[PDB]
Each structure stands twice: as structure tokens, then as C-alpha cells.
$ cat upload26.txt   # compact mmCIF, N, CA and C atoms
# COMPACT_ATOMS: atom_id res chain seq x y z
N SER A 244 -5.68 27.78 19.23
CA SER A 244 -6.78 27.08 19.88
C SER A 244 -7.82 26.78 18.82
N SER A 245 -7.68 25.60 18.21
CA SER A 245 -8.36 25.18 17.00
C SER A 245 -7.59 23.99 16.45
N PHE A 246 -6.44 24.27 15.84
CA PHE A 246 -5.52 23.20 15.47
C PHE A 246 -5.07 22.40 16.68
N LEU A 247 -5.02 23.04 17.86
CA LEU A 247 -4.74 22.35 19.11
C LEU A 247 -5.40 20.97 19.15
N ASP A 248 -6.70 20.91 18.87
CA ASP A 248 -7.42 19.66 18.86
C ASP A 248 -7.71 19.13 17.46
N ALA A 249 -7.70 19.98 16.44
CA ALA A 249 -7.92 19.51 15.08
C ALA A 249 -6.83 18.54 14.66
N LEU A 250 -5.59 18.79 15.09
CA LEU A 250 -4.50 17.88 14.76
C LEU A 250 -4.70 16.52 15.42
N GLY A 251 -5.43 16.49 16.54
CA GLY A 251 -5.62 15.23 17.24
C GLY A 251 -6.52 14.26 16.49
N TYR A 252 -7.39 14.79 15.62
CA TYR A 252 -8.31 13.92 14.89
C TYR A 252 -7.57 13.01 13.92
N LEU A 253 -6.32 13.34 13.60
CA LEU A 253 -5.54 12.50 12.70
C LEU A 253 -5.35 11.10 13.27
N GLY A 254 -5.31 10.98 14.59
CA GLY A 254 -5.17 9.66 15.20
C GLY A 254 -6.31 8.73 14.83
N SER A 255 -7.53 9.27 14.77
CA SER A 255 -8.64 8.48 14.26
C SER A 255 -8.36 8.03 12.84
N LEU A 256 -7.82 8.93 12.02
CA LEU A 256 -7.48 8.58 10.64
C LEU A 256 -6.38 7.52 10.60
N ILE A 257 -5.38 7.65 11.47
CA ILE A 257 -4.30 6.67 11.50
C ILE A 257 -4.83 5.30 11.90
N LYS A 258 -5.64 5.25 12.95
CA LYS A 258 -6.19 3.98 13.39
C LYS A 258 -7.10 3.39 12.33
N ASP A 259 -7.84 4.23 11.60
CA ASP A 259 -8.69 3.74 10.53
C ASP A 259 -7.86 3.18 9.38
N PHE A 260 -6.74 3.83 9.05
CA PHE A 260 -5.83 3.27 8.07
C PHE A 260 -5.34 1.91 8.51
N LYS A 261 -4.95 1.80 9.78
CA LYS A 261 -4.49 0.53 10.31
C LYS A 261 -5.58 -0.53 10.21
N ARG A 262 -6.82 -0.15 10.52
CA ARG A 262 -7.92 -1.10 10.50
C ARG A 262 -8.23 -1.57 9.09
N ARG A 263 -8.23 -0.64 8.13
CA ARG A 263 -8.51 -1.01 6.74
C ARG A 263 -7.42 -1.90 6.18
N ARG A 264 -6.15 -1.49 6.35
CA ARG A 264 -5.04 -2.34 5.94
C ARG A 264 -5.09 -3.68 6.66
N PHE A 265 -5.52 -3.66 7.92
CA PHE A 265 -5.60 -4.84 8.75
C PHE A 265 -6.58 -5.84 8.18
N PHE A 266 -7.79 -5.38 7.87
CA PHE A 266 -8.83 -6.28 7.39
C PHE A 266 -8.57 -6.69 5.95
N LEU A 267 -7.93 -5.82 5.16
CA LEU A 267 -7.51 -6.23 3.83
C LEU A 267 -6.47 -7.35 3.90
N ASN A 268 -5.47 -7.19 4.77
CA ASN A 268 -4.44 -8.20 4.89
C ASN A 268 -4.99 -9.51 5.44
N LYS A 269 -5.92 -9.44 6.40
CA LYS A 269 -6.57 -10.65 6.86
C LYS A 269 -7.37 -11.29 5.73
N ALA A 270 -8.12 -10.48 4.98
CA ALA A 270 -8.86 -11.00 3.84
C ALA A 270 -7.92 -11.51 2.76
N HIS A 271 -6.87 -10.75 2.46
CA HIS A 271 -5.91 -11.20 1.46
C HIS A 271 -5.14 -12.40 2.00
N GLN A 272 -4.76 -13.29 1.09
CA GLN A 272 -4.02 -14.51 1.38
C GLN A 272 -4.91 -15.51 2.11
N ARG A 273 -6.08 -15.05 2.56
CA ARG A 273 -7.10 -15.94 3.10
C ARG A 273 -7.92 -16.54 1.97
N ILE A 274 -8.42 -15.67 1.09
CA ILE A 274 -8.96 -16.12 -0.18
C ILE A 274 -7.90 -16.91 -0.93
N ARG A 275 -6.64 -16.52 -0.76
CA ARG A 275 -5.55 -17.28 -1.37
C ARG A 275 -5.27 -18.58 -0.63
N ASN A 276 -5.52 -18.63 0.69
CA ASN A 276 -5.56 -19.94 1.34
C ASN A 276 -6.57 -20.84 0.66
N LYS A 277 -7.79 -20.33 0.44
CA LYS A 277 -8.82 -21.14 -0.20
C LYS A 277 -8.43 -21.54 -1.61
N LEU A 278 -7.79 -20.63 -2.35
CA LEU A 278 -7.38 -20.94 -3.72
C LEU A 278 -6.29 -22.01 -3.74
N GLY A 279 -5.31 -21.91 -2.85
CA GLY A 279 -4.32 -22.96 -2.74
C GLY A 279 -4.94 -24.29 -2.36
N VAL A 280 -5.95 -24.26 -1.50
CA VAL A 280 -6.65 -25.48 -1.13
C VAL A 280 -7.37 -26.07 -2.34
N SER A 281 -8.00 -25.21 -3.14
CA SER A 281 -8.69 -25.68 -4.34
C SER A 281 -7.71 -26.31 -5.32
N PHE A 282 -6.55 -25.68 -5.51
CA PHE A 282 -5.56 -26.24 -6.43
C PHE A 282 -4.98 -27.54 -5.89
N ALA A 283 -4.73 -27.62 -4.59
CA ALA A 283 -4.26 -28.86 -4.00
C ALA A 283 -5.31 -29.96 -4.12
N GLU A 284 -6.59 -29.59 -4.05
CA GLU A 284 -7.65 -30.59 -4.19
C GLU A 284 -7.79 -31.06 -5.63
N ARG A 285 -7.67 -30.15 -6.60
CA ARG A 285 -7.67 -30.57 -8.00
C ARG A 285 -6.46 -31.46 -8.29
N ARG A 286 -5.31 -31.12 -7.71
CA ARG A 286 -4.13 -31.96 -7.83
C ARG A 286 -4.36 -33.32 -7.18
N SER A 287 -5.04 -33.36 -6.04
CA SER A 287 -5.37 -34.62 -5.40
C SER A 287 -6.32 -35.44 -6.26
N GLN A 288 -7.26 -34.77 -6.93
CA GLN A 288 -8.12 -35.45 -7.89
C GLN A 288 -7.30 -36.10 -8.99
N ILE A 289 -6.35 -35.35 -9.54
CA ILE A 289 -5.47 -35.88 -10.58
C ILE A 289 -4.68 -37.07 -10.05
N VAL A 290 -4.17 -36.95 -8.82
CA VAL A 290 -3.39 -38.02 -8.21
C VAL A 290 -4.25 -39.26 -8.05
N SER A 291 -5.50 -39.09 -7.61
CA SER A 291 -6.40 -40.22 -7.47
C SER A 291 -6.68 -40.87 -8.82
N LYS A 292 -6.92 -40.05 -9.85
CA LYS A 292 -7.11 -40.58 -11.20
C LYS A 292 -5.94 -41.47 -11.58
N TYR A 293 -4.72 -40.95 -11.42
CA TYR A 293 -3.55 -41.68 -11.89
C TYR A 293 -3.27 -42.90 -11.03
N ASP A 294 -3.54 -42.83 -9.73
CA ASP A 294 -3.36 -43.99 -8.88
C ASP A 294 -4.33 -45.11 -9.25
N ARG A 295 -5.59 -44.76 -9.49
CA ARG A 295 -6.56 -45.76 -9.94
C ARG A 295 -6.15 -46.34 -11.29
N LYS A 296 -5.68 -45.48 -12.20
CA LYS A 296 -5.24 -45.94 -13.51
C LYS A 296 -4.06 -46.88 -13.41
N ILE A 297 -3.10 -46.58 -12.52
CA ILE A 297 -1.94 -47.44 -12.36
C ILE A 297 -2.34 -48.76 -11.70
N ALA A 298 -3.25 -48.70 -10.73
CA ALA A 298 -3.73 -49.92 -10.09
C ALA A 298 -4.44 -50.82 -11.10
N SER A 299 -5.18 -50.23 -12.03
CA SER A 299 -5.86 -50.99 -13.07
C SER A 299 -4.98 -51.23 -14.30
N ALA A 300 -3.75 -50.71 -14.31
CA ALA A 300 -2.90 -50.83 -15.49
C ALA A 300 -2.41 -52.26 -15.68
N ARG A 301 -1.63 -52.76 -14.72
CA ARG A 301 -1.09 -54.12 -14.72
C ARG A 301 -0.19 -54.40 -15.92
N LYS A 302 0.27 -53.36 -16.62
CA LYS A 302 1.12 -53.53 -17.78
C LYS A 302 2.27 -52.53 -17.71
N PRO A 303 3.47 -52.91 -18.16
CA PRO A 303 4.61 -52.00 -18.02
C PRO A 303 4.48 -50.74 -18.86
N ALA A 304 4.10 -50.88 -20.13
CA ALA A 304 3.95 -49.71 -20.98
C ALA A 304 2.87 -48.78 -20.45
N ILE A 305 1.76 -49.35 -19.99
CA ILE A 305 0.69 -48.53 -19.42
C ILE A 305 1.17 -47.81 -18.17
N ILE A 306 1.93 -48.50 -17.32
CA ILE A 306 2.44 -47.88 -16.10
C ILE A 306 3.38 -46.73 -16.44
N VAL A 307 4.28 -46.93 -17.40
CA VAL A 307 5.21 -45.88 -17.79
C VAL A 307 4.46 -44.69 -18.37
N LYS A 308 3.47 -44.97 -19.22
CA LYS A 308 2.67 -43.89 -19.79
C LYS A 308 1.94 -43.12 -18.70
N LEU A 309 1.42 -43.83 -17.69
CA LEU A 309 0.73 -43.16 -16.60
C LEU A 309 1.69 -42.34 -15.75
N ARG A 310 2.92 -42.82 -15.60
CA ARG A 310 3.95 -42.03 -14.93
C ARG A 310 4.19 -40.72 -15.68
N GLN A 311 4.34 -40.82 -17.00
CA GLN A 311 4.55 -39.63 -17.81
C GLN A 311 3.36 -38.68 -17.72
N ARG A 312 2.15 -39.23 -17.76
CA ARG A 312 0.94 -38.42 -17.70
C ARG A 312 0.81 -37.73 -16.35
N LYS A 313 1.15 -38.44 -15.26
CA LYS A 313 1.12 -37.83 -13.94
C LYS A 313 2.15 -36.72 -13.83
N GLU A 314 3.34 -36.93 -14.40
CA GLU A 314 4.35 -35.88 -14.42
C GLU A 314 3.84 -34.66 -15.18
N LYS A 315 3.23 -34.89 -16.35
CA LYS A 315 2.71 -33.79 -17.15
C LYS A 315 1.60 -33.05 -16.42
N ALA A 316 0.70 -33.78 -15.76
CA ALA A 316 -0.40 -33.15 -15.05
C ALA A 316 0.10 -32.33 -13.87
N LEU A 317 1.09 -32.86 -13.13
CA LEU A 317 1.67 -32.08 -12.04
C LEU A 317 2.38 -30.84 -12.57
N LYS A 318 3.04 -30.96 -13.72
CA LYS A 318 3.69 -29.79 -14.32
C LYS A 318 2.67 -28.75 -14.74
N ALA A 319 1.54 -29.19 -15.31
CA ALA A 319 0.47 -28.26 -15.65
C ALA A 319 -0.11 -27.59 -14.41
N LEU A 320 -0.30 -28.37 -13.34
CA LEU A 320 -0.76 -27.80 -12.08
C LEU A 320 0.21 -26.76 -11.56
N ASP A 321 1.51 -27.06 -11.63
CA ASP A 321 2.51 -26.12 -11.17
C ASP A 321 2.52 -24.85 -12.02
N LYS A 322 2.37 -24.99 -13.34
CA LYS A 322 2.32 -23.81 -14.20
C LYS A 322 1.10 -22.96 -13.89
N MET A 323 -0.06 -23.59 -13.74
CA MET A 323 -1.26 -22.84 -13.42
C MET A 323 -1.13 -22.15 -12.06
N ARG A 324 -0.54 -22.84 -11.08
CA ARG A 324 -0.39 -22.26 -9.75
C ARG A 324 0.67 -21.17 -9.74
N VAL A 325 1.64 -21.24 -10.65
CA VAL A 325 2.60 -20.14 -10.80
C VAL A 325 1.91 -18.92 -11.40
N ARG A 326 1.06 -19.13 -12.40
CA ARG A 326 0.22 -18.04 -12.88
C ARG A 326 -0.63 -17.49 -11.74
N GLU A 327 -1.09 -18.37 -10.85
CA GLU A 327 -1.83 -17.93 -9.68
C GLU A 327 -0.97 -17.11 -8.74
N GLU A 328 0.30 -17.48 -8.58
CA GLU A 328 1.21 -16.68 -7.76
C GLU A 328 1.36 -15.29 -8.35
N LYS A 329 1.49 -15.21 -9.67
CA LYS A 329 1.41 -13.92 -10.35
C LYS A 329 0.12 -13.19 -9.98
N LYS A 330 -0.99 -13.93 -9.91
CA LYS A 330 -2.27 -13.30 -9.60
C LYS A 330 -2.31 -12.77 -8.17
N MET A 331 -1.79 -13.54 -7.21
CA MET A 331 -1.66 -13.01 -5.86
C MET A 331 -0.82 -11.75 -5.84
N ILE A 332 0.32 -11.76 -6.53
CA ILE A 332 1.18 -10.59 -6.56
C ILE A 332 0.41 -9.39 -7.09
N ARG A 333 -0.26 -9.56 -8.23
CA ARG A 333 -0.92 -8.45 -8.90
C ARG A 333 -2.12 -7.95 -8.10
N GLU A 334 -2.91 -8.88 -7.57
CA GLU A 334 -4.05 -8.51 -6.74
C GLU A 334 -3.61 -7.73 -5.51
N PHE A 335 -2.59 -8.23 -4.82
CA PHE A 335 -2.14 -7.57 -3.60
C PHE A 335 -1.54 -6.21 -3.91
N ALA A 336 -0.81 -6.10 -5.03
CA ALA A 336 -0.27 -4.81 -5.43
C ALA A 336 -1.39 -3.82 -5.72
N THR A 337 -2.43 -4.27 -6.41
CA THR A 337 -3.57 -3.40 -6.68
C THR A 337 -4.26 -2.98 -5.39
N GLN A 338 -4.41 -3.93 -4.46
CA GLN A 338 -5.06 -3.63 -3.19
C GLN A 338 -4.28 -2.59 -2.41
N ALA A 339 -2.95 -2.75 -2.35
CA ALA A 339 -2.13 -1.76 -1.67
C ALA A 339 -2.20 -0.41 -2.36
N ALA A 340 -2.16 -0.40 -3.69
CA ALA A 340 -2.29 0.85 -4.42
C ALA A 340 -3.59 1.55 -4.06
N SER A 341 -4.70 0.81 -4.03
CA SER A 341 -5.99 1.42 -3.75
C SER A 341 -6.06 1.91 -2.31
N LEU A 342 -5.70 1.05 -1.35
CA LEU A 342 -5.94 1.36 0.05
C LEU A 342 -4.95 2.39 0.57
N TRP A 343 -3.68 2.27 0.20
CA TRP A 343 -2.71 3.30 0.56
C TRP A 343 -3.14 4.66 0.02
N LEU A 344 -3.20 4.80 -1.31
CA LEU A 344 -3.51 6.10 -1.92
C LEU A 344 -4.72 6.78 -1.31
N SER A 345 -5.56 6.05 -0.58
CA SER A 345 -6.51 6.69 0.32
C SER A 345 -5.82 7.49 1.40
N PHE A 346 -4.53 7.24 1.67
CA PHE A 346 -3.84 7.98 2.72
C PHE A 346 -3.75 9.46 2.38
N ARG A 347 -3.27 9.78 1.17
CA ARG A 347 -3.06 11.18 0.81
C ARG A 347 -4.34 11.99 0.91
N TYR A 348 -5.49 11.34 0.67
CA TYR A 348 -6.75 12.05 0.47
C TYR A 348 -7.05 13.03 1.59
N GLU A 349 -6.89 12.61 2.84
CA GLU A 349 -7.08 13.49 3.98
C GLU A 349 -5.79 13.80 4.72
N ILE A 350 -4.67 13.19 4.33
CA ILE A 350 -3.38 13.61 4.85
C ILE A 350 -2.97 14.97 4.31
N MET A 351 -3.13 15.19 3.00
CA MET A 351 -2.71 16.46 2.41
C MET A 351 -3.45 17.67 2.98
N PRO A 352 -4.77 17.65 3.23
CA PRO A 352 -5.37 18.84 3.84
C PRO A 352 -4.76 19.17 5.19
N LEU A 353 -4.70 18.21 6.12
CA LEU A 353 -4.15 18.49 7.44
C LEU A 353 -2.81 19.21 7.35
N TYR A 354 -1.93 18.73 6.48
CA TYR A 354 -0.67 19.43 6.24
C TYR A 354 -0.94 20.84 5.72
N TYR A 355 -1.98 21.01 4.91
CA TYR A 355 -2.25 22.33 4.35
C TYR A 355 -2.72 23.31 5.43
N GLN A 356 -3.64 22.88 6.30
CA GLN A 356 -4.02 23.75 7.41
C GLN A 356 -2.85 23.95 8.37
N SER A 357 -1.92 23.00 8.41
CA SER A 357 -0.69 23.22 9.17
C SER A 357 0.08 24.40 8.61
N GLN A 358 0.23 24.45 7.29
CA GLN A 358 0.84 25.63 6.67
C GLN A 358 0.02 26.88 6.94
N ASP A 359 -1.30 26.74 6.96
CA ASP A 359 -2.16 27.89 7.21
C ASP A 359 -1.87 28.50 8.58
N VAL A 360 -1.87 27.67 9.62
CA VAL A 360 -1.59 28.19 10.95
C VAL A 360 -0.15 28.67 11.03
N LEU A 361 0.77 27.99 10.34
CA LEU A 361 2.17 28.40 10.35
C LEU A 361 2.33 29.82 9.81
N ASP A 362 1.78 30.09 8.63
CA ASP A 362 2.01 31.39 8.02
C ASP A 362 1.15 32.46 8.68
N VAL A 363 0.05 32.06 9.33
CA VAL A 363 -0.69 33.01 10.16
C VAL A 363 0.16 33.45 11.34
N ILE A 364 0.82 32.49 12.00
CA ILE A 364 1.71 32.84 13.10
C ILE A 364 2.86 33.71 12.61
N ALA A 365 3.41 33.37 11.44
CA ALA A 365 4.49 34.19 10.88
C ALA A 365 4.01 35.60 10.58
N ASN A 366 2.79 35.73 10.05
CA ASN A 366 2.15 37.02 9.89
C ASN A 366 2.14 37.78 11.20
N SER A 367 1.65 37.14 12.26
CA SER A 367 1.61 37.80 13.56
C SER A 367 3.01 38.11 14.07
N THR A 368 4.02 37.41 13.55
CA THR A 368 5.39 37.57 14.03
C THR A 368 6.19 38.51 13.14
N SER A 369 6.32 38.16 11.86
CA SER A 369 7.23 38.87 10.96
C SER A 369 6.70 40.27 10.70
N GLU A 370 7.27 41.25 11.39
CA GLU A 370 6.88 42.64 11.22
C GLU A 370 8.03 43.55 10.83
N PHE A 371 9.16 43.48 11.54
CA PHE A 371 10.29 44.37 11.32
C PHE A 371 9.82 45.82 11.37
N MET A 372 9.15 46.15 12.46
CA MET A 372 8.56 47.47 12.67
C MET A 372 9.63 48.54 12.86
N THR A 373 9.31 49.76 12.42
CA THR A 373 10.26 50.86 12.45
C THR A 373 9.59 52.12 12.96
N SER A 374 10.38 53.19 13.04
CA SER A 374 9.90 54.52 13.38
C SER A 374 10.96 55.52 12.94
N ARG A 375 10.57 56.46 12.08
CA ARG A 375 11.52 57.36 11.44
C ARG A 375 11.11 58.81 11.64
N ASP A 376 12.07 59.69 11.39
CA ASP A 376 11.83 61.13 11.39
C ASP A 376 13.05 61.83 10.80
N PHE A 377 12.83 63.08 10.39
CA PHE A 377 13.90 63.97 9.98
C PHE A 377 13.66 65.35 10.59
N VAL A 378 14.73 66.14 10.65
CA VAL A 378 14.65 67.48 11.23
C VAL A 378 15.70 68.34 10.54
N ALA A 379 15.55 69.66 10.68
CA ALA A 379 16.39 70.64 10.01
C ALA A 379 17.09 71.56 11.00
N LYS A 380 17.69 70.99 12.04
CA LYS A 380 18.42 71.80 13.00
C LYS A 380 19.68 72.37 12.35
N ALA A 381 19.71 73.70 12.21
CA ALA A 381 20.80 74.35 11.51
C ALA A 381 22.08 74.33 12.34
N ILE A 382 23.20 74.54 11.65
CA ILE A 382 24.53 74.55 12.27
C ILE A 382 25.14 75.92 12.03
N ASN A 383 25.70 76.50 13.09
CA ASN A 383 26.24 77.85 13.04
C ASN A 383 27.74 77.84 13.31
N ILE A 384 28.46 78.66 12.55
CA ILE A 384 29.89 78.89 12.76
C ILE A 384 30.11 80.39 12.80
N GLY A 385 30.79 80.87 13.83
CA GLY A 385 31.09 82.29 13.92
C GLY A 385 32.05 82.72 12.83
N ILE A 386 31.91 83.96 12.40
CA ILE A 386 32.72 84.53 11.32
C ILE A 386 33.51 85.70 11.89
N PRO A 387 34.81 85.80 11.61
CA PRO A 387 35.57 86.98 12.04
C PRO A 387 34.98 88.25 11.44
N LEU A 388 34.74 89.24 12.30
CA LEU A 388 34.11 90.47 11.85
C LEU A 388 35.02 91.24 10.90
N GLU A 389 36.33 91.18 11.14
CA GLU A 389 37.28 91.88 10.29
C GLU A 389 37.23 91.37 8.86
$ encode --input "upload26.txt" --output "C-alpha cells"
Amino acid sequence: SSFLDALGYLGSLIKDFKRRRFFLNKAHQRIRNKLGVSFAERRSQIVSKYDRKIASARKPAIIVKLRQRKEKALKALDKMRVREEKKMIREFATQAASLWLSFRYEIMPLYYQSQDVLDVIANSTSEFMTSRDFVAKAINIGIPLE
């Protein structure tokens, strides 16, 4: 009568873990939604630049050069966004490392008091009680008188 209800407080801890992971996950990839939007908008800026340049080109060599430049710019955008994918991976891994490892912090004590009550009960149980005595009751054998 102690651990009876002390063990119940872990549910608050479990729900809090869920809430923290919950709000991290909602926050994560949301900032990354915004980052993907920013990269798509910079790419749209590049696309607008090249479309205006091609519209004003009116020459075959200029058009081909602008095609090559647009290809190069899209490739640079893709490389930067791949580095960004690495960044999402690394950020999210760090976030999980930080927020999870908060789990052990108060998980390990509860388990420890669990061992405490366990071995206290074993103390109250494991006795192997005994009761001993000795005595010196002599043994007699009759002897022939002859």
C-alpha cells in the first residue's frame, strides 16, 4: 500500500511522453513543409527567370544555352534539396535521440522501486525457519550375571 498507487503515476508519464513526441512530430516536417515550400519557390523564381530569358531570347543558340542553364539550375536545386533531405534526417534523428532518452530518466527509478518492493516482499517471505534440539537419553542392555 504505497506502490499500489505509485505505479499508477507512470500513466501520467506515458501520456506526457506521447504528448511531447506528438508535438515534436507535428512541429517536425511542418517546418520542413515550409522549407520545401521555400525551395519550390526559389525554383519557381529560377523557372520564371529562364522563361523570361527564353521569351526574350528569339535566337537558337540563346535558347539552347538557356535550356542548359535551366537544367543546371534545376540540378543545383535538386542537390541542395538532397542536402536538405539529409538535414531532415539528421534533425529528426537528433530530436528522437533527445526526446526518447528522456524516457529512461524517470523510467529507471520506477523499476528500481519495483525491485525495492520485490526484495522487501522476498525478505518477508524467504525465511526457511527451523527449530532444533539435542538430548542424551542413554541406552541400556542387560548383561548376563554369570
$ closest_atom_pairs --input "upload26.txt" --of "stretch 347-381 of chain A" --to "stretch 246-256 of chain A" --cutoff "12 Å" --atoms "only C-alpha atoms" --output "JSON lines"
{"residue": "A:347", "atom": "CA", "partner": "A:256", "partner_atom": "CA", "distance": 11.1}
{"residue": "A:348", "atom": "CA", "partner": "A:256", "partner_atom": "CA", "distance": 10.8}
{"residue": "A:349", "atom": "CA", "partner": "A:256", "partner_atom": "CA", "distance": 8.3}
{"residue": "A:350", "atom": "CA", "partner": "A:253", "partner_atom": "CA", "distance": 8.2}
{"residue": "A:351", "atom": "CA", "partner": "A:253", "partner_atom": "CA", "distance": 11.4}
{"residue": "A:352", "atom": "CA", "partner": "A:253", "partner_atom": "CA", "distance": 10.9}
{"residue": "A:353", "atom": "CA", "partner": "A:250", "partner_atom": "CA", "distance": 7.4}
{"residue": "A:354", "atom": "CA", "partner": "A:250", "partner_atom": "CA", "distance": 9.5}
{"residue": "A:355", "atom": "CA", "partner": "A:250", "partner_atom": "CA", "distance": 11.5}
{"residue": "A:356", "atom": "CA", "partner": "A:246", "partner_atom": "CA", "distance": 8.2}
{"residue": "A:357", "atom": "CA", "partner": "A:246", "partner_atom": "CA", "distance": 7.9}
{"residue": "A:358", "atom": "CA", "partner": "A:246", "partner_atom": "CA", "distance": 11.1}
{"residue": "A:359", "atom": "CA", "partner": "A:246", "partner_atom": "CA", "distance": 10.1}
{"residue": "A:360", "atom": "CA", "partner": "A:246", "partner_atom": "CA", "distance": 7.8}
{"residue": "A:361", "atom": "CA", "partner": "A:246", "partner_atom": "CA", "distance": 10.6}
$ atom_distance --input "upload26.txt" --atom1 "atom N of residue A:346" --atom2 "atom N of residue A:272"
20.5 Å
$ atom_distance --input "upload26.txt" --atom1 "atom CA of residue A:368" --atom2 "atom N of residue A:244"
15.7 Å
$ closest_residue --input "upload26.txt" --among "A:310, A:321, A:336, A:283" --to "residue A:296" --atoms "only C-alpha atoms"
A:310
$ select_by_dssp --input "upload26.txt" --residues "chain A" --states "helix (DSSP H, G or I)" --output "ChimeraX atom specification"
/A:246-270,273-298,303-368
$ axis_aligned_box --input "upload26.txt" --around "stretch 263-282 of chain A" --padding-each-side "3 Å" --output "AutoDock Vina command-line options"
--center_x -6.5 --center_y -14.1 --center_z 1.2 --size_x 10.9 --size_y 32.9 --size_z 21.2
$ residues_around --input "upload26.txt" --residues "residue A:320" --least-positions-apart "4" --cutoff "9 Å" --atoms "only C-alpha atoms" --output "ChimeraX atom specification"
/A:282-283,285-286,315-316,324-325
$ atom_distance --input "upload26.txt" --atom1 "atom CA of residue A:287" --atom2 "atom N of residue A:299"
17.0 Å
$ closest_residue --input "upload26.txt" --among "A:372, A:388, A:378, A:339" --to "residue A:267" --atoms "only C-alpha atoms"
A:339
$ decode --input "upload26.txt" --residues "stretch 283-316 of chain A" --atoms "C-alpha atoms" --output "PDB file, in the first residue's frame"
ATOM      1  CA  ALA A 283       9.932  25.207 -54.522  1.00  0.00           C
ATOM      2  CA  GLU A 284       9.505  28.990 -54.543  1.00  0.00           C
ATOM      3  CA  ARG A 285      13.200  29.604 -55.242  1.00  0.00           C
ATOM      4  CA  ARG A 286      12.908  27.007 -58.006  1.00  0.00           C
ATOM      5  CA  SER A 287       9.843  28.855 -59.321  1.00  0.00           C
ATOM      6  CA  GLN A 288      11.900  32.054 -59.275  1.00  0.00           C
ATOM      7  CA  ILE A 289      14.560  30.301 -61.352  1.00  0.00           C
ATOM      8  CA  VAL A 290      11.875  28.975 -63.702  1.00  0.00           C
ATOM      9  CA  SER A 291      10.456  32.475 -64.142  1.00  0.00           C
ATOM     10  CA  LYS A 292      13.937  33.849 -64.842  1.00  0.00           C
ATOM     11  CA  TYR A 293      14.562  31.248 -67.526  1.00  0.00           C
ATOM     12  CA  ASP A 294      11.096  31.578 -69.066  1.00  0.00           C
ATOM     13  CA  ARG A 295      11.519  35.346 -69.380  1.00  0.00           C
ATOM     14  CA  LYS A 296      15.015  34.815 -70.791  1.00  0.00           C
ATOM     15  CA  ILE A 297      13.729  32.318 -73.372  1.00  0.00           C
ATOM     16  CA  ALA A 298      10.838  34.612 -74.308  1.00  0.00           C
ATOM     17  CA  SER A 299      13.347  37.434 -74.848  1.00  0.00           C
ATOM     18  CA  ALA A 300      15.899  35.110 -76.490  1.00  0.00           C
ATOM     19  CA  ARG A 301      14.478  34.766 -80.030  1.00  0.00           C
ATOM     20  CA  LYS A 302      17.714  33.027 -81.089  1.00  0.00           C
ATOM     21  CA  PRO A 303      18.513  29.303 -81.354  1.00  0.00           C
ATOM     22  CA  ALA A 304      21.897  29.393 -79.613  1.00  0.00           C
ATOM     23  CA  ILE A 305      20.471  31.560 -76.829  1.00  0.00           C
ATOM     24  CA  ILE A 306      17.515  29.194 -76.419  1.00  0.00           C
ATOM     25  CA  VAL A 307      19.788  26.138 -76.228  1.00  0.00           C
ATOM     26  CA  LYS A 308      22.055  27.890 -73.730  1.00  0.00           C
ATOM     27  CA  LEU A 309      19.021  28.804 -71.622  1.00  0.00           C
ATOM     28  CA  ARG A 310      17.862  25.184 -71.762  1.00  0.00           C
ATOM     29  CA  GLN A 311      21.270  24.090 -70.476  1.00  0.00           C
ATOM     30  CA  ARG A 312      21.232  26.778 -67.780  1.00  0.00           C
ATOM     31  CA  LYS A 313      17.743  25.776 -66.635  1.00  0.00           C
ATOM     32  CA  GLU A 314      18.867  22.150 -66.471  1.00  0.00           C
ATOM     33  CA  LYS A 315      21.911  23.161 -64.419  1.00  0.00           C
ATOM     34  CA  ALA A 316      19.841  25.330 -62.077  1.00  0.00           C
TER      35      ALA A 316
END
